[PDB]
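Understanding the architecture of this molecule
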Amino acid sequence: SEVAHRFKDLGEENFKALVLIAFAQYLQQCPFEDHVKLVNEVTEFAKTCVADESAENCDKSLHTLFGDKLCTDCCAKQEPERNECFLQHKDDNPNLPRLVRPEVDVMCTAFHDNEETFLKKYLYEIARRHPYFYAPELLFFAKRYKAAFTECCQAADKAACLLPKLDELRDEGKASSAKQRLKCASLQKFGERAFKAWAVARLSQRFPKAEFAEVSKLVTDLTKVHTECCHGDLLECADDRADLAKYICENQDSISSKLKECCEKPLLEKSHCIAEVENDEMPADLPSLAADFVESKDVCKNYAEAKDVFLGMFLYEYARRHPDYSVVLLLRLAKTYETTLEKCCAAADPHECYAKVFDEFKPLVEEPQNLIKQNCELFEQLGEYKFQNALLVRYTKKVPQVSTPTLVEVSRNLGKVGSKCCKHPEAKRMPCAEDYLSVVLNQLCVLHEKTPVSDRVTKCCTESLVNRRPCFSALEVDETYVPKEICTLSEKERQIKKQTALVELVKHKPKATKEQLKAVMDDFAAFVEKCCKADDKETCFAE
């Protein structure tokens, strides 16, 4: 039996949570209570199978069990089709009510009143809104969400304790979710071969000192971990993640110097810690690449006898000595390299043909560096909010077909690059920026996927995972496009209206000039400013 094997390894507490998540991600509209029942059933039944591993129905696969309970058009179907069904019925942007925290004391009453139902409430509300959220991590998040109610519902000021943490958690959760969503899209839309390269790139960067053989292993295990979490095999996802976190720490010496602090802590903390570690220090004298990937006489041989292992050995070797490069760059270079080997090893003298393959890299490397230098100059020259509007406008013109809420949402997130990254030294900027942008652009891509309107966005999104940022950056304003025919708000609120309006304002006269925008923008901000001052306001807003 399988249920048992998990219940045991994960413990009831976590089992129960995961199983909840699994469900609330699968059916996002279904009410809270409605799930908890199904959870508790499943949980009781598991226990039975813990007692009698050869009890009735314990012979079944989790999917079947879960799908079944859930089913109490997808449900007219059977495994595996059925599961794939639910997996493809996941909504990235539900028409679910905005989330809003009732007054502090109100929560602090409910938290002591019913502590369990309260956390389950949290997991439930997040999970249905982030159907691709990294389940294990969501537990970390939940414990840290408990830890704040424990303390702050027990101090002089609750509001100036609790809320400030919850603003941090919402922020952090939004990032994690978005980052994970990239992982899941990479896998599902580009297949594992592709994720593997990504991992190989990133981990070679976290763990320079590690021999390829180790990194390959890690990549395997990690890929297995994510594959599962994205195919909705959360229980196994978490276990396997644990087992991985346990593995890494035993073999620490052969992986990174940095892990010690992380490895010392509890199951949940350390898996996150590790995920988040700093890059290990760059080993000393590492033979220049060129020897084995350009000057060698056996390039064209090894690419024949083991293209994967060879190109991997390459990605590894280049990645480990470039923590300054984005992953997506490194992948591109890897692709260029593969490509060129392909053409060259079909020539008269291949040594000659491929000999200059590094010259090809200068462009691919520079294209990003410039772009970042420039919009970091820009960022510091404008500040984040204003900075967001320039991206807003830039992009809105590029894809005036995309829905306003999405445009705003994405633009704003593009905006944070500046503040996130521009404070770093050049050395650490590009992997910060570009790889963040790769996440945000993926939000676009998926939100767009749902309800497609712009063949250009689609092209960029589907054509290649790695070249998306250049593909988007490339885009000139869309000429085909046919022009489109409250006072008691927080700053962040006011911003999102103003911006929302800005998009409509661009969609109206795309061939606008920054000046004749300044002019219309200002006009309207004045309008709202005056119509805030009062009288019978609505009578004022008459226009």
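Residues numbered from 1 in each chain as written, not as in the entry; some residues may be left out. Heavy atoms only, no water. Residues with missing side-chain atoms left out of burial classes, pairs and counts.

The record lists X-ray crystallography as the method behind this PDB entry and 3.16 Å as its resolution.

**Let's talk about the state of the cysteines**
What makes a disulfide is a covalent bond joining the sulfur atoms belonging to two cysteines. Applying the stated rule across the entire model yields 17 disulfides. Each sulfur of the disulfide joining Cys74 and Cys85 lies 2.0 Å from the other. Handedness of the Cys74-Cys85 disulfide follows from its S-S torsion of about -95°: it is left-handed. Taken together, the residues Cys74 in the loop between helix 3 (62-70) and helix 4 (81-88) and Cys85 in helix 4 connect sequence positions 11 residues apart. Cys85 matches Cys74 in its accessibility class, with the two residues each being buried. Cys75 provides the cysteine sulfur closest to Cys30, a residue in no disulfide bond, and the two sulfurs are 9.9 Å apart. (Disulfide = S-S within 2.5 Å. Helix = DSSP H or I, 4+ residues; strand = E, 2+ residues; numbered from the N terminus. Buried < 20%, exposed > 50% of the residue type's maximum accessible area, 1.4 Å probe, protein only.)

**Looking at the pattern of salt bridges**
Two side chains with opposite charge may pair up if their charged atoms get near one another. By the definition in use, this model includes 33 salt bridges. One salt bridge in this structure joins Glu192 and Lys196, with 3.7 Å as the shortest N-O distance. With a gap of four residues between them, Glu192 and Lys196 both fall in helix 9 (residues 192-206), about one helical turn apart. Residue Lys196 is classed as partly exposed on the basis of its relative accessible area, which comes to 31%. As a salt-bridge pair, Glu367 and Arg469 come within 2.7 Å of each other at their nearest N and O atoms. Of this pair, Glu367 sits in helix 18 (residues 361-382) while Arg469 sits in helix 23 (residues 468-474); the two residues are 102 residues apart in sequence, bridging distant segments of the chain. Through salt bridges with shared partners, a single ionic network connects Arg332, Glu367, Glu434 and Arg469. (Salt bridge = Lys/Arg side-chain N within 4 Å of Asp/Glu carboxyl O.)

**Section: the environment of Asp92**
If you trace the backbone, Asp92 turns up in the loop between helix 4 and helix 5 (104-113). Separated by 37 residues in sequence, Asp92 and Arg129 place their C-alpha atoms 7.3 Å apart. Dropping the residues within four chain positions of it, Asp92 is found in contact with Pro131, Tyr132, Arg181, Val446 and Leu447. Side chain to side chain, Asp92 and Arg181 meet in a polar contact 2.9 Å long. (Contact = heavy atoms within 4.5 Å. Polar contact = N/O pair within 3.5 Å; in protein donor to acceptor, adjacent residues only side chain to side chain.)

**Here's the deal with the packing of helix 20 (residues 404-421) against helix 24 (residues 491-508)**
Close contact between helix 20 and helix 24 brings their axes to 10 Å; oriented N to C, the two are set at 120°. With respect to helix 24, the axis of helix 20 lies oblique. With respect to the hand of their crossing, helix 20 and helix 24 are arranged in right-handed fashion. Counting all contacts with helix 20, which are made through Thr404, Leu407, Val408 and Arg412, the residues of helix 24 involved are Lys492, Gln495, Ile496, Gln499, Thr500, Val503, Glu504 and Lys507. Looking at the contact of helix 20 with helix 24, its residues break down into four nonpolar, four polar and four charged. (Axes fitted to C-alpha atoms, helices over the stretch in contact; angles between N-to-C directions. Parallel < 35°, antiparallel > 145°, perpendicular 65-115°, else oblique. Left-handed = near helix turned anticlockwise from the far one by under 90°. Nonpolar A, V, L, I, M, F, W, Y, C, P; charged D, E, K, R; others polar.)

**Re the UniProt feature "disulfide bond" in the chain**
In this structure the UniProt-annotated cystine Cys49-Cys58 is intact, with an S-S distance of 2.0 Å. Note on accessibility: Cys49 and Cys58 belong to one class, buried. A sulfur-sulfur distance of 2.0 Å is found for the UniProt-listed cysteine pair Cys344 and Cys353, consistent with formation of the disulfide (criterion: under 2.5 Å). Overall, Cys353 belongs to the partly exposed group, its relative accessible area being 38%. (UniProt positions renumbered as here; feature names shortened; annotations may be inferred.)

**Overview of the nonpolar core**
Counting 117 residues, the largest nonpolar core has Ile21, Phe23, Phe66, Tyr145, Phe149, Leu162 and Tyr337 as the members making the most contacts within it. Broken down by element, this core gets its largest block of residues, 13 residues, from helix 1 (residues 3-26). Contact partners of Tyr145, with chain neighbours within four places excluded, come to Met107, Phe118, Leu119, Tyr122, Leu166 and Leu169. Counting 35 residues, the second largest nonpolar core, distinct from the first, contains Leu414, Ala433, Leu441 and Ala512. (Core = buried A, V, L, I, M, F, W, Y, C linked by side-chain atoms within 4.5 Å.)

**Some remarks on helix 8 (residues 162-190)**
If you check helix 8, its first and last C-alpha atoms are 41 Å apart, about what 29 residues at 1.5 Å a residue would give, namely 42 Å. A positive backbone phi angle near 80° is found at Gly191, which sits one or two residues after helix 8. (Expected span 1.5 Å × (residues − 1).)

**A look at the side chain of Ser326**
Take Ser326: it is sitting in the loop between helix 15 (299-320) and helix 16 (327-344). Judged by its relative accessible area of 0%, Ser326 falls in the buried class. Looking at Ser326, its side chain comes within polar contact range of the main-chain nitrogen of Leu329, at 3.0 Å. Filtering out sequence-adjacent residues up to four positions away, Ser326 remains in contact with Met430, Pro431, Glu434 and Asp435.

**Here's the deal with the domain arrangement of the chain**
Examined at the domain level, the chain breaks down into domain 1 (1-91), domain 2 (92-181), domain 3 (189-280), domain 4 (281-366), domain 5 (367-478) and domain 6 (479-543). Centre-to-centre, using C-alpha coordinates, domain 2 lies 46 Å away from domain 4. (Domains from an automatic or database assignment.)

**A closer look at helix 22 (residues 455-463)**
Within helix 22, the full set of buried residues consists of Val457, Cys460 and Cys461. Projected down its long axis, helix 22 shows its buried positions confined to an angular sector of 95°, all on one face. Exposed residues on helix 22 whose side chains face more than 90 degrees from its buried face are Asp455, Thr462 and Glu463. Packed against the buried residues of helix 22 are helix 8, helix 21 (426-450) and helix 23. (Arc of directions from axis to C-beta.)

**A closer look at unusual backbone geometry**
Residue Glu79 is joined to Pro80 through a cis peptide bond whose omega torsion reads -5°. As for its placement among the helices and strands, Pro80 is situated in the loop between helix 3 and helix 4. With phi around 70°, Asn57 is a residue other than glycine that occupies positive phi space. Topologically, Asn57 is positioned in the loop between helix 2 (32-51) and helix 3. With phi around 110°, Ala534 is a residue other than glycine that occupies positive phi space. Relative to the elements of secondary structure, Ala534 occurs in the loop between helix 25 (514-533) and helix 26 (537-541). The partly exposed category is assigned to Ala534, whose relative accessible area is 45%.

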